[PDB]
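Numbering-wise (the entry's author numbering), the sequence shown opens with residue 11 and increments by one.
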Amino acid sequence: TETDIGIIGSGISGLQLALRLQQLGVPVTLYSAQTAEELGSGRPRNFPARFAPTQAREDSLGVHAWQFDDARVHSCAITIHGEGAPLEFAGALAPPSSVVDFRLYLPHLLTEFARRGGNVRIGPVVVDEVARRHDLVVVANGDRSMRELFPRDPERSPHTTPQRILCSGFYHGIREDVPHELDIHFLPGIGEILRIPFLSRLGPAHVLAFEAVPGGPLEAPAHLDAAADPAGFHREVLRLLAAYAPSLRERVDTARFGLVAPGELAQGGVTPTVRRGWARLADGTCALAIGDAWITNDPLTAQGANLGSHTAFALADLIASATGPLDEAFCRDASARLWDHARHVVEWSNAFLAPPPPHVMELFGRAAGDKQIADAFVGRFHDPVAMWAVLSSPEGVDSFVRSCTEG
Numbered sequence: 011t012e013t014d015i016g017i018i019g020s021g022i023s024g025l026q027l028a029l030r031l032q033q034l035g036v037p038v039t040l041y042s043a044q045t046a047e048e049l050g051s052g053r054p055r056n057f058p059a060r061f062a063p064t065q066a067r068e069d070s071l072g073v074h075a076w077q078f079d080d081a082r083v084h085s086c087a088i089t090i091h092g093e094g095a096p097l098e099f100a101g102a103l104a105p106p107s108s109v110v111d112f113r114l115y116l117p118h119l120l121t122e123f124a125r126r127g128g129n130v131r132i133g134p135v136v137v138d139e140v141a142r143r144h145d146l147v148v149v150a151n152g153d154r155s156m157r158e159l160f161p162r163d164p165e166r167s168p169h170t171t172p173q174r175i176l177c178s179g180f181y182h183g184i185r186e187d188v189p190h191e192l193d194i195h196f197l198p199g200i201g202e203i204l205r206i207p208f209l210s211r212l213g214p215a216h217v218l219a220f221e222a223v224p225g226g227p228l229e230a231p232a233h234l235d236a237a238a239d240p241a242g243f244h245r246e247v248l249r250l251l252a253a254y255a256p257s258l259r260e261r262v263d264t265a266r267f268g269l270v271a272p273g274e275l276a277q278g279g280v281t282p283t284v285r286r287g288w289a290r291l292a293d294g295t296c297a298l299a300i301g302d303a304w305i306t307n308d309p310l311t312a313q314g315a316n317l318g319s320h321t322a323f324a325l326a327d328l329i330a331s332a333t334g335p336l337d338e339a340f341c342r343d344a345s346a347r348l349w350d351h352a353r354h355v356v357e358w359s360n361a362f363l364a365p366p367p368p369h370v371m372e373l374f375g376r377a378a379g380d381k382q383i384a385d386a387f388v389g390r391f392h393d394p395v396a397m398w399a400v401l402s403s404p405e406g407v408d409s410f411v412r413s414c415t416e417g
């Protein structure tokens, strides 16, 4: 037909857009730098949990898999360390979120797109070459984005350097109190420590993630070459766990503790950036950005992959129902529409990087003594808009607490 879409990048957003356009009848070509086999190898880059809305999109794409508890998180346990006793509460995540290694997930999608007749082009990409071949280019590569096509929007990008320095990897050798339960430790002015059960390509494992405030003490493991000195790395990880998350340190079977394999680790920082969602290319073909090519958030709120899955389904409906040309007016309206949802994700993600305001600290206390509140709070990780409605304003916390207390 006439609407021919060219997608660049094999992320979750690019692959789901390809699958969804294909379901809608839109001709689509995917330009991926890697093959399916290459997508299933290499060092891991991130550890995304996919909440219920993303699984529902996966349902309608006919790609739902990993339907067993080893790839699910059913409950979240939060510990806030103060100067007094640490604030502790746990709430249920119902439905569970899916914690599947993207070296299992992304090949799953790409393979199914190709098998359904999707046209897949493997190799390096020249934007103008894609623009010669399609009516619209959708860029959906990583955080590297294009940067030439989509400049950084400063009114939506309050940060310019990473707000956390990351050290995250798959580990064996941690005993588990509650199965399929996520552990978050908030260390004010220092950072966050997370332990997430996860299904990796190397089996079930523990994601031990240090989100370090830069210059603070948690930055240490992000700068150790764990391959060059495994013993030194693990010793430093255990030391920091002992210092700041002892409830986690006590569960470490030191006989088995360590990365599940050399390289199963990601270290670095992430600079939260919101870019301009559209771009006019040389020949007049326009270009839209989704996924990390458009918006980059700090992984702490775990909304990254979910936002890209949402923006893919939203952009697809716009492309598929577009009766006019896919010109700048279309792209500007599209980007505006996508930003209306993405805004809540960016502002919530940036809020969690900052010290918790008092009305947030109050909600945590209220949830520490009311299981209905803790369950309701955790359950809203499924919905970034409903979560941001609570965390933004102090009246949002109040109106939320009231609904949980039937008052």
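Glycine included, C-beta positions come from ideal geometry on N, C-alpha and C.
Does the region 366-381 touch the region 312-325, meaning 3 or more C-beta pairs lie closer than 8 Å?
These segments do not touch.
Should the region 399-410 be called in touch with the region 100-116, which here means at least 3 C-beta pairs below 8 Å?
In this structure the region 399-410 does not touch the region 100-116; the number of beta carbon pairs closer than 8 Å is below three.
Under the three-state reduction of DSSP, which class applies to residue 29: helix, strand or coil?
When secondary structure is reduced to three states using DSSP, residue 29 falls in the helix class.
Can you name, in chain order, every residue of its own chain whose Cβ lies under 8 Å from the Cβ of residue 127, other than the five neighbours on each side?
If you ignore the 5 residues before and after residue 127, its C-beta comes within less than 8 Å of the C-beta of 32, all in its own chain and listed in chain order.
Cα-Cα separation between residue 246 and residue 230, rounded to whole angstroms
Approximately 8 Å, taken between the alpha carbons.
Taking all protein chains shown into account, decide if residue 180 is buried (16 or more other Cβ within 10 angstroms of its Cβ) or exposed.
Counting Cβ neighbours within 10 Å, residue 180 comes out buried, since at least 16 surround it.
Any idea if residue 201 is buried or exposed, counting beta-carbon neighbours within 10 angstroms, 16 or more meaning buried?
So residue 201 ends up on the buried side.
Bounding residues of the alpha helix (DSSP H) (the contiguous stretch that carries residue 354)
Residue 354 -> alpha helix (DSSP H) spans 338-363.
The beta strand (DSSP E) spanning residue 155 covers which residue range?
Taken as a continuous stretch (DSSP letters only), residue 155 belongs to no beta strand (DSSP E), as it is neither H nor E.
Counting only the same chain and skipping the five closest in sequence on each side, list residues whose C-beta sits under 6 Å from that of residue 251.
Excluding residues up to 5 positions away in sequence, 258, 259 lie with their Cβ nearer than 6 Å to the Cβ of residue 251 in the same chain.
Pop quiz: residue 103 and residue 85 are said to be a contact at Cβ under 8 Å. What is the actual Cβ separation, rounded to whole angstroms?
Yes, residue 103 and residue 85 are in contact; Cβ-Cβ is about 6 Å, under 8 Å.
Spatial neighbours of residue 161 in its chain, beta-carbon cut-off 8 Å, leaving aside the 5 residues before and after:
Within the same chain, residue 161 has close Cβ partners 285, 286.
Unbroken beta strand (DSSP E) run spanning residue 216, endpoints
In the DSSP assignment, residue 216 falls within the unbroken beta strand (DSSP E) covering 213-222.
Completely contained beta strand (DSSP E) runs for the region 67-100, where each covers 3 or more residues:
Unbroken beta strand (DSSP E) stretches of 3 residues or longer found wholly inside the region 67-100: 82-90, given in chain order.
Whole-angstrom Cβ separation of residue 311 and residue 281, contact assumed at under 8 Å?
That belief does not hold up - the Cβ atoms of residue 311 and residue 281 are roughly 16 Å apart, past 8 Å.
Would you please state the rounded distance, in angstroms, between the beta carbons of residue 270 and residue 215? I believe it to be under 8 Å.
Between residue 270 and residue 215 a beta carbon distance of about 5 Å is seen, short of the 8 Å cut, so the two are scored as contacting.
Under a Cβ-count criterion, where at least 16 other Cβ atoms within 10 Å of its own Cβ denotes burial, should residue 302 be classed as buried or exposed?
It counts as buried.
Within 10 Å of its beta-carbon, does residue 268 have 16 or more other beta-carbons around it, so buried, or fewer, so exposed?
Buried: at least 16 other Cβ atoms inside 10 Å.
According to DSSP, is residue 174 helix, strand or coil?
Residue 174 sits in coil when the DSSP states are folded into three classes, being neither helix nor strand.
Would you kindly work out how many angstroms separate the C-alpha atoms of residue 354 and residue 168, rounded to a whole number?
Distance between the alpha carbons of residue 354 and residue 168: 14 Å.
Could you confirm whether any beta carbon from chain D is found closer than 8 Å to the beta carbon of residue 332?
Absent from the structure is chain D; it holds one protein chain and no more.
Have a look at residue 241 and residue 82 and give me their C-alpha separation to the nearest angstrom.
Separation of residue 241 and residue 82 (C-alpha to C-alpha, rounded to the nearest whole angstrom) is 31 Å.
Could you give the first and the last residue of the continuous beta strand (DSSP E) run that contains residue 264?
No beta strand (DSSP E) contains residue 264, which DSSP labels as neither H nor E.
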